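Residue numbers (full-length UniProt numbering), protein chains in the order written: chain A, 62 to 180; chain B, 1 to 297; chain C, 639 to 727, 777 to 785; chain D, 453 to 678.
Comments concern the structure below.
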Amino acid sequence: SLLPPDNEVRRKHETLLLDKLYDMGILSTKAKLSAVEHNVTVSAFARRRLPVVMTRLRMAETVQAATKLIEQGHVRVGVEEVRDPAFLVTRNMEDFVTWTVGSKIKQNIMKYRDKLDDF
Amino acid sequence: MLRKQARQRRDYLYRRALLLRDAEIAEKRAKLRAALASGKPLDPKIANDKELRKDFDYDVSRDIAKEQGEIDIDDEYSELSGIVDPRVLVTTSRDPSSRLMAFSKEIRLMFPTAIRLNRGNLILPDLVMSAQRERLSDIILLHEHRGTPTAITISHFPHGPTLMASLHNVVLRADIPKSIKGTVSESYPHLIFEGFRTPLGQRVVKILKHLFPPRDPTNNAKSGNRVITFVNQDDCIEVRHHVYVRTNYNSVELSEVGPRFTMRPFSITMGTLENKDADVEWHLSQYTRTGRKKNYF
Amino acid sequence: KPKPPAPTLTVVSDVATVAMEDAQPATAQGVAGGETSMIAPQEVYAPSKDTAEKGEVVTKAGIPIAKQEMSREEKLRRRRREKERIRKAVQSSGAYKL
Amino acid sequence: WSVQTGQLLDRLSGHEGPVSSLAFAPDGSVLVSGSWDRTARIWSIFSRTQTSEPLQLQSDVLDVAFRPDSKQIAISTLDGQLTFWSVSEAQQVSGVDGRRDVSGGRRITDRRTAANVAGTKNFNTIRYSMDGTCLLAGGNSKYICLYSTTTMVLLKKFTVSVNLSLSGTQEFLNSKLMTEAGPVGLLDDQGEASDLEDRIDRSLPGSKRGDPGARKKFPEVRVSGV
RNA sequence: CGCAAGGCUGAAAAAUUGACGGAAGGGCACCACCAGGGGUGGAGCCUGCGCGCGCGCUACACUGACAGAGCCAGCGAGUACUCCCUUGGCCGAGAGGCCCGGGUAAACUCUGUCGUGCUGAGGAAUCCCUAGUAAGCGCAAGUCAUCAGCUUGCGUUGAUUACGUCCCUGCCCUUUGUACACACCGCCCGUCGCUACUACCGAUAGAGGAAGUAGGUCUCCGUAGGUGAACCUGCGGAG
RNA sequence: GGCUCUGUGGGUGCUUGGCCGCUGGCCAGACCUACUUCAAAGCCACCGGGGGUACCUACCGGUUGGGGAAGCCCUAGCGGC
Numbered sequence: 062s063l064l065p066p067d068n069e070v071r072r073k074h075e076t077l078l079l080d081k082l083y084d085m086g087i088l089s090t091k092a093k094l095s096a097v098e099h100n101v102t103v104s105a106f107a108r109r110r111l112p113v114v115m116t117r118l119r120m121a122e123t124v125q126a127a128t129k130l131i132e133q134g135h136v137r138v139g140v141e142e143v144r145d146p147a148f149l150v151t152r153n154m155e156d157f158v159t160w161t162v163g164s165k166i167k168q169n170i171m172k173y174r175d176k177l178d179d180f
Numbered sequence: 001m002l003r004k005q006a007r008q009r010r011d012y013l014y015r016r017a018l019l020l021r022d023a024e025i026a027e028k029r030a031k032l033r034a035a036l037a038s039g040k041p042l043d044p045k046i047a048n049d050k051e052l053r054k055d056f057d058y059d060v061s062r063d064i065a066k067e068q069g070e071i072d073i074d075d076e077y078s079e080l081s082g083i084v085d086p087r088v089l090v091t092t093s094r095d096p097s098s099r100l101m102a103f104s105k106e107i108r109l110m111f112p113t114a115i116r117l118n119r120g121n122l123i124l125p126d127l128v129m130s131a132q133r134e135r136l137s138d139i140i141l142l143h144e145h146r147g148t149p150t151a152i153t154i155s156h157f158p159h160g161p162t163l164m165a166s167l168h169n170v171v172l173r174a175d176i177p178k179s180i181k182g183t184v185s186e187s188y189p190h191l192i193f194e195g196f197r198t199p200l201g202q203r204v205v206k207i208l209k210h211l212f213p214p215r216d217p218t219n220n221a222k223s224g225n226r227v228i229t230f231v232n233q234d235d236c237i238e239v240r241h242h243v244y245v246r247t248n249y250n251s252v253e254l255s256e257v258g259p260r261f262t263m264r265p266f267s268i269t270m271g272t273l274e275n276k277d278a279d280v281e282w283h284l285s286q287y288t289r290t291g292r293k294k295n296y297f
Numbered sequence: 639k640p641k642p643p644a645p646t647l648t649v650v651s652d653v654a655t656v657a658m659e660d661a662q663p664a665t666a667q668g669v670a671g672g673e674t675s676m677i678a679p680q681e682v683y684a685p686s687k688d689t690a691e692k693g694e695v696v697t698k699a700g701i702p703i704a705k706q707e708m709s710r711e712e713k714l715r716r717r718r719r720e721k722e723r724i725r726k727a777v778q779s780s781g782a783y784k785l
Numbered sequence: 453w454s455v456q457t458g459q460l461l462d463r464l465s466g467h468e469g470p471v472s473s474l475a476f477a478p479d480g481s482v483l484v485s486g487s488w489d490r491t492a493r494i495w496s497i498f499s500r501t502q503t504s505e506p507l508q509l510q511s512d513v514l515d516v517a518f519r520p521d522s523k524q525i526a527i528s529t530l531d532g533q534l535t536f537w538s539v540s541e542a543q544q545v546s547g548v549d550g551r552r553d554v555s556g557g558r559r560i561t562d563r564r565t566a567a568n569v570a571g572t573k574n575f576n577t578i579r580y581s582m583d584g585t586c587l588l589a590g591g592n593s594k595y596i597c598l599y600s601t602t603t604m605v606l607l608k609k610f611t612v613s614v615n616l617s618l619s620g621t622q623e624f625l626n627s628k629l630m631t632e633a634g635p636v637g638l639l640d641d642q643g644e645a646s647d648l649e650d651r652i653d654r655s656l657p658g659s660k661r662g663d664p665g666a667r668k669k670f671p672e673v674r675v676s677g678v
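Encoded structure:
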C-alpha cells in the first residue's frame with residue numbers, strides 16, 4: 062500500500078498476493094488489499110486447518126470429534142493418510158479430503174445408507 | 001471432480017455477492033479520489049468516514065487499474081478468454097428428424113471447432129456429466145417443430161450461463177441444390193455485432209462471441225474471408241453467415257452461405273443446462289402491462 | 639499454483655562438461671567425454687546477415703553469395719522471396784490547347 | 453507437448469479426477485494414464501484417430517507400469533492390489549491383493565495397531581523386470597515386494613531399513629519406550645541444546661511436504677522409488 | 001436565446017509494406033474415399049413453406065392369427081383432474097340437481113389350435129449415420145418464447161461395418177516469424193504494381209509517353225646535490 | 001467350567017558388575033577442611049503488524065566540577081605537555 066498507486070511492481074505483486082491467498086483459502090475475495098489489511102487472521106488460518114474444514118464439509122459433527130477421528134487416523138487427503146491435526150487444507154484439497162480405505166466410519170456410513178458392499 | 005465443480009460454483013456466487021457489497025462501497029470511494037486530484041468539495045460523510053479513509057489508502061490502485069482497463073471483471077469467461085480454443089458440440093432433441101439432423105450439421109459446420117453428437121438414448125444429466133468430463137466449452141440443444149428448428153439453448157460450461165432462444169424465419173442449408181451450394185469453408189471467422197448497448201446486450205454479446213476460436217491479431221484486419229453477423233432490432237437478434245472476397249480497396253462482394261435465423265432470447269439463466277432451478281438473469285417478460293413496450297438488449 | 643513465468647537467462651561458457659561437473663578426483667566421463675565444449679557449433683559460429691562481408695550476402699543455407707556475381711534473374715527472385723516473407727509477416780492558353 | 457517444436461501439442465481429457473500415474477509403451481504407440489476417478493485410460497494418440505479406451509477399477513490408481521515386451525500392463529491401485537491387464541484385449545489377466553503382503557507399520561504418532569493402520573498398505577510404485585517376469589512393488593512401508601507375473605506368488609520380500617532411528621522400521625514398539633507422557637521419542641528435546649542455531653524452532657505448523665524448518669525428528673520410511 | 005443553419009451545384013486511396021496466382025509438401029472431414037445401415041421420394045392424412053415441395057403420422061403378412069400360463073421399468077402429486085350433446089322420467093311455483101338409454105407398460109419367454117388366403121416395404125435421384133450410435137418399443141409431462149395435426153423428457157431391447165487413407169471430392173496450413181541440445185533440411189516458381197537512379201521520344205527552361213538497372217633487483221663502495229651525524233636523490237663502479 | 005477385572009515376573013533392540021571424593025578402594029566403610037600466585041580476550045544471543053513517544057531505559061554527541069591510567073619531554077622533579 063505504501064508504494065505509489067501507479068507502480069507496475071505494486072500492481073503485479075498485489076494481484077499475486079491476492080491470488081495466492083485466495084487459492085490458499087484464507088481470504089474470501091481476490092480484489093481488496095483492504096481485505097488483506099484487516100481480514101487475514103490467525104482465526105482464518107485456524108479455520109483453514111484440517112478438523113475445522115472437515116467440520117464445514119460435514120465429515121464430523123464437531124471440531125473435537127474431527128480431531129479425535131483424524132488422530133485415530135481415519136482421514137486421508139488425496140491418497141495419503143494424515144495423522145497430524147494441523148494439516149492446512151487449501152482450496153484445491155478441500156475437494157479431496159475423504160475417509161481412508163477400510164475405515165469403520167466408512168462402513169458405518171454405508172450401513173446407514175444400506176449400501177454396504179462387503180466386496 | 002463434481003465436488004470441485006460444485007465448490008467453484010458456490011465460491012463464484014459468493015464472490016458475486018461480495019462484489020455487489022464492495023461496489024456499493026466503491027461508488028463512494030471514487031468520489032474521494034476524484035475530489036482529491038480536483039479540489040471540488042465533497043460530501044461530509046465521505047470526508048469523515050474513517051474506515052473508508054484507511055481502506056482507500058490501501059486500495060487506491062485497483063480503481064485506477066479499472067479506469068485504465070488493465071484488469072478484467074470477475075466473469076465466467078475472463079478466466080479462459082482467448083488462451084484456449086473453445087470447442088463446442090451440437091445435439092438435437094430426443095428423437096431427431098432428418099431435417100433437424102441436417103440443420104444441426106449446418107451449424108456444426110458454422111462453428112469451426114464444433115462436433116456433433118447423436119442423442120439416441122442419452123439422459124440429460126449424463127450429457128452434462130460427459131461435457132464437464134471432456135472439458136467442453138459449450139453445449140447446444142435444438143428443438144424441432146416438424147423438420148424445422150424452433151429453439152436453441154446455448155449453455156456454457158462448467159457452470160456458466162444458458163441462453164434459451166426461439167427461432168423463426170429459418171432457412172436451412174440443405175434446401176438449395178449442391179450445384180449452387182457446396183462444402184462450406186471452415187476458417188476462423190470474424191464476428192460483427194450491431195445494436196447492443198445495455199449491460200444485458202453486452203452479456204449476450206460476450207456469451208455469444210465466446211463460442212468461436214480467438215483470431216490471430218497480427219493481420220486480422222486484412223486476412224480472413226468469412227464473417228458472421230448478429231444484429232438486433234426490438235430484442236430479436238438476427239444472425240447470418242456470410243463469406244466474402246475483397247475485389248478492390250473500396251468494394252467487397254458478398255455471398256450468403258449459412259443459415260439465416262432471427263432468434264429471440266426468452267431466457268438467460270445463471271446456471272447450466274441441467275439446472276432448471278438455477279437463478280434466472282433475464283426472461284421474456286410477457287403477459288405484463290408493458291412487457292411489449294420495453295426493449296431489452 | 640506455482641508462479642507466472644518470468645524470463646530468466648543463464649550464461650554458459652566454453653569450458654568443458656568436465657568443468658560443469660561436481661568436484662571429484664577423476665571424471666566419470668571417458669576420453670570422448672571431455673571434448674564436448676558445452677556449446678554447439680551453431681552458437682560458436684552461425685553465418686547470418688549481421689556477420690556477412692560487405693558486398694556478399696549469405697543465403698538461407700549458410701553459403702556466401704556475392705552481389706556482383708549474381709545474375710539479374712537471381713536478384714529478381716531473391717527480391718521476390720524477401721517480398722513474400724515481408725507480406726507473410777493556372778496555366779497558359781497555349782499550354783492548355785497545344 | 454512435442455520436444456522438437458517446443459509448443460503444447462494438445463490437452464488430452466476424459467478424466468474425472470487428477471491423473472496420478474502415466475506410462476508410455478516401450479514400442480512407442482500407446483499412452484496409459486491412471487487417475488483418482490478410479491480409472492485407467494488406454495490412450496491411442498499416434499494413429500489418425502485419437503481414442504481412449506477406459507478401464508474401470510475398484511479404487512484410485514497409484515502406479516502404472518509396462519512390461520518391456522509391451523503387450524502387458526500392470527496397474528497398482530489404492531486397495532493395495534496389483535491388477536495385470538492385457539493391452540490388446542483390454543481385459544484383466546491377473547491380480548494380487550498384497551495388503552497383508554506389504555503391511556509393515558506403527559509409526560510413532562499413530563494410535564492404530566500396525567495391522568489396522570491404513571495409509572501404509574498400498575503400492576506407491578511398481579516396475580517390471582528387464583526379463584518381463586518379475587514385478588517389483590514398493591509402497592509407504594518397510595517391505596519391498598518382488599512378485600512373479602506368471603505364477604503371481606510372492607517371490608521375495610525385502611526390508612529396507614533395520615534402522616531404529618527412522619519411524620516405521622519395526623512393527624511393534626515397546627512399553628519401555630512408552631512413558632507416562634506419550635512416547636519418549638516425542639518429547640520436544642530441543643531445549644537442552646547449547647547452540648542457539650539448534651535451539652531455534654523455525655518449523656511451520658502442519659507442513660507435511662517439505663518446509664525450510666524441517667524438524668524432521670524420526671523421519672518416516674517410505675520406498676518412494678524403485 | 002444564440003451557434004450549428006448560405007449551394008462551381010443538378011441520383012445511379014495507400015504501397016520500399018500492395019494485387020492475383022502456379023508447384024511441392026503436410027493435416028483434417030460420413031458436406032470425402034472405402035463397408036454396411038437407414039431415411040425421403042410409391043398410396044392416404046395433415047401442420048408448415050412457396051397447385052408444388054419437403055417433415056412427420058397411418059396402412060401395406062411369415063417377422064402370421066387365436067387362446068392360455070409367467071415375468072420386467074423411470075421421470076411424474078397446486079383443495080387439482082373431468083371428451084361430448086341429447087331421447088325420456090323423478091324431485092323441482094321458477095333457475096337446477098338426480099336416474100336410465102343413443103351416438104401399476106409396450107415388449108419378451110413358454111405352451112398349444114390353424115395354415116399364405118386385395119384376408120404385397122416403394123424408381124431415378126438425393127440426404128444422413130461409426131458404440132449404449134442406427135433401429136424397435138411404450139410410459140410420463142405440457143413449464144412466460146415454440147409445441148397438440150405436436151413438442152420435450154424418461155425408461156426398455158440393442159446389432160452389422162469402418163475405425164485406415166489423403167487416391168477422388170473438398171477445406172485448412174506450411175515456403176516468414178514463435179526456443180537452444182542431438183538429428184535432418186538446404187537458396188520453391190510466375191505476372192505485375194510502388195520506390196530511387198539513369199538515359200531516351202516528341203509537342204509547349206516543360207507536364208506526359210516509352211525503357212532499363214537497384215626488461216639490472218639486492219648489498220656495499222666512490223661521488224655530486226639536498227637538511228644536516230645519519231638519511232634521500234642522481235651517477236660511476238665492484239659483488 | 002466360563003466371562004470380566006486386578007496384580008507380580010520375563011519379553012517387546014546383541015548377553016562385560018552395585019557404589020565412590022575411581023590406574024584405587026568400599027559394600028560393617030575410613031579420613032574429613034586442606035592447598036594457594038598474580039580476576040577475566042572479543043563478538044553473537046528468536047519477543048506478532050502498523051502507530052505516539054511525556055516518563056524511564058539503550059545508543060551517540062556534548063556540558064559543568066573532580067579524577068588521573070597511559071603516552072611525550074627535559075631544565076630532573078612534591079617536575080613539565
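Here a beta-carbon is modelled for each residue, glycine too, at the ideal position from N, C-alpha and C.
Looking only at A:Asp80, A:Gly139, A:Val70, A:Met171, the smallest Cα-Cα distance to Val158 of chain A is reached by A:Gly139. C-alpha of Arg33 of chain B to C-alpha of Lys93 of chain A: approximately 16 Å in a straight line. Counting C-beta pairs with one atom in each stretch, the segment 132-151 of chain B and the segment 51-64 of chain B have fewer than three that are closer than 8 Å, which means they do not touch. For the pair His143 of chain B and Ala131 of chain B, the CB atoms are not nearer than the 8 Å cut-off. In the structure shown, the three-state DSSP call for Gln510 of chain D is coil. DSSP places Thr159 of chain A in no alpha helix (DSSP H) but in the uninterrupted beta strand (DSSP E) bounded by 158-160.
Residues of chain B with a Cβ closer than 9 Å to the Cβ of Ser62 of chain A are, in chain order, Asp57, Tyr58, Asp59, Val60, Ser61. Here the alpha carbons of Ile176 of chain B and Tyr244 of chain B stand approximately 19 Å from one another. A contact between stretches requires three or more CB pairs, one per stretch, nearer than 8 Å, and the segment 560-580 of chain D meets this requirement with the segment 620-639 of chain D. When secondary structure is reduced to three states using DSSP, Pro679 of chain C falls in the helix class.
Relative to the Cα of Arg152 of chain A, the nearest Cα in the group A:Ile87, A:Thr76, A:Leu64 belongs to A:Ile87. DSSP places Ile180 of chain B in no alpha helix (DSSP H); its state is neither H nor E. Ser528 of chain D carries a strand assignment under DSSP once its states are collapsed to helix, strand and coil. When DSSP states are grouped into helix, strand and coil, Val114 of chain A belongs to the helix group. Assigned with DSSP and collapsed to three states, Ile652 of chain D falls in coil, not helix or strand. According to the DSSP assignment, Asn232 of chain B belongs to the beta strand (DSSP E) that extends over 226-233. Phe610 of chain D is classed as exposed because its beta carbon has fewer than 16 other beta carbons within 10 Å across all chains shown.
The three-state secondary structure of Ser251 of chain B, taken from DSSP, is coil. The segment 98-159 of chain B is shown to contain whole alpha helix (DSSP H) runs of 4 or more residues at 98-110, 124-133, in chain order. Assigned with DSSP and collapsed to three states, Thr572 of chain D falls in coil, not helix or strand. If you draw a straight line from the Cα of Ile115 of chain B to the Cα of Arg87 of chain B, it is about 8 Å long. Under the Cβ distance rule, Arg7 of chain B does not count among the residues neighbouring chain D, no pair being separated by less than 8 Å.
Non-local beta-carbon contacts of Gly147 of chain B in its own chain, meaning distances under 8 Å to residues more than five positions away in sequence, involve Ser97, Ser98, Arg99, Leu100 in chain order. In summary, the residues of the segment 73-103 of chain A whose CB is separated from some CB of chain B by less than 7 Å are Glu75, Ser89, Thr90, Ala92, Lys93, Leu94, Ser95, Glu98, in the order they occur in the chain. Per DSSP, reduced to three states, the secondary structure at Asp84 of chain A is helical.
Burial is judged here by how many other beta carbons sit within 10 angstroms of a residue's own beta carbon; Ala678 of chain C has fewer than 16 and is exposed. Within the same chain, Cβ atoms closer than 8 Å to the Cβ of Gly693 of chain C are found at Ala704, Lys705, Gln706, the five residues on either side in sequence being excluded.
Between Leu618 of chain D and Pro671 of chain D a beta carbon distance of about 6 Å is seen, short of the 8 Å cut, so the two are scored as contacting.
For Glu155 of chain A, the neighbours in chain B by C-beta distance under 8 Å run, in chain order, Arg7. Boundaries of the beta strand (DSSP E) around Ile268 of chain B: 261-270.
For the C-beta of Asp489 of chain D, the chain B residues within less than 8 Å are, from N- to C-terminus, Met1.
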